[PDB]
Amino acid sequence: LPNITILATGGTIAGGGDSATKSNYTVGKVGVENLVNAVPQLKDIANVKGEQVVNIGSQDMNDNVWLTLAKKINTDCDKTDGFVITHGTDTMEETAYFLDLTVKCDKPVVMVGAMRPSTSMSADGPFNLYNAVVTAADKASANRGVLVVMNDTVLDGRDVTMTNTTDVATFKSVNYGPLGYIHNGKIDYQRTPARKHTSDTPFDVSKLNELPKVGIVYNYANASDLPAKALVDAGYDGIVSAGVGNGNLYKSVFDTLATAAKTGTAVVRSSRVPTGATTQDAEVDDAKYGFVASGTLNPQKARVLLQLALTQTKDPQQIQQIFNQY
């Protein structure tokens, strides 16, 4: 049986409400010991040890927790055969991509959450955690980058995102599909992510205590330029635009971000639309303004890569190449 370390961070998986049949709940009621102990079948497949790293709702996820988790996994890689990280669902897709770029352990790292609190009827958390440990225990999971395991599916940390606010089946890799499906404790992998991850990235957060400041602005009809200007005035290192359609900008947001890019703020165009690439060579001349096109990276993912790009470089053409490789 492999040794598997559970790093716990809180979330609805550890969360609880006063009723099995009412939606109300709060995160962080159940600690890692009782989480693990609630799935005695874990003992059939692995030697499991739990550590509680933080205890937050993933809506409060932040750069300090990201830095703690990357350093812990990198430090502890040699002590275990694989990692499972229990986490809220809300920003699991962000943390998974951060780890995918910063973890230097090529052993399996698997994230897992729950869409129903531990107290609800038909709670999804137990079986999700079981299948997370199945995945982290599988030799075939190594070298695929950081994974999310939800609803019997293995998803790569770059493409994985939420599709639905409440559905237990919400996590999908919406552009390039899942890597494998889990049936009776076994995985048929048919895919692996081409984009560089983990030990083939240059990103090394081992000595960083803070990350570059990157904010996200939304585009819509009659959008205000005032949020964009407030990030510029606060000296943010970068701004990601959640653009309309193929990464387009309301005219005043365009005007503000064009000036910011010219005066040294890194600007990435992404899209509020949930699938497909924000492309070069459409309506916006990125080369002219020094903007970066996000590709399939959604605004929150693009933020992750932009912050790490900014630990390497501030040059727009070098950031674009990062966006083409990771």
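Residue positions are given as counts along the sequence shown, with the first one as 1.
Set 152-160 against 229-237 and average the Cα temperature factors; 229-237 ends up higher. Here the stretch with the larger average CA B-factor, out of 272-280 and 38-46, is 38-46.
Of the candidates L179, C105, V168, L147, the one whose C-alpha carries the top B factor in the deposited record is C105. As recorded in the entry, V32 carries the highest CA temperature factor of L297, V267, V32, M61.
Compared with the other modelled residues of the chain, the Cα B-factor recorded for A287 ranks in the highest third.
Ranked by Cα temperature factor within the chain, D138 sits in the middle third according to the deposited record.
In the deposited entry, the Cα temperature factor of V54 places it in the middle third of its chain's modelled residues.
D90: CA B factor lies in the middle third for its chain, per the PDB record. Among all modelled residues in this chain, the alpha-carbon of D124 has a temperature factor (C-alpha) in the lowest third.
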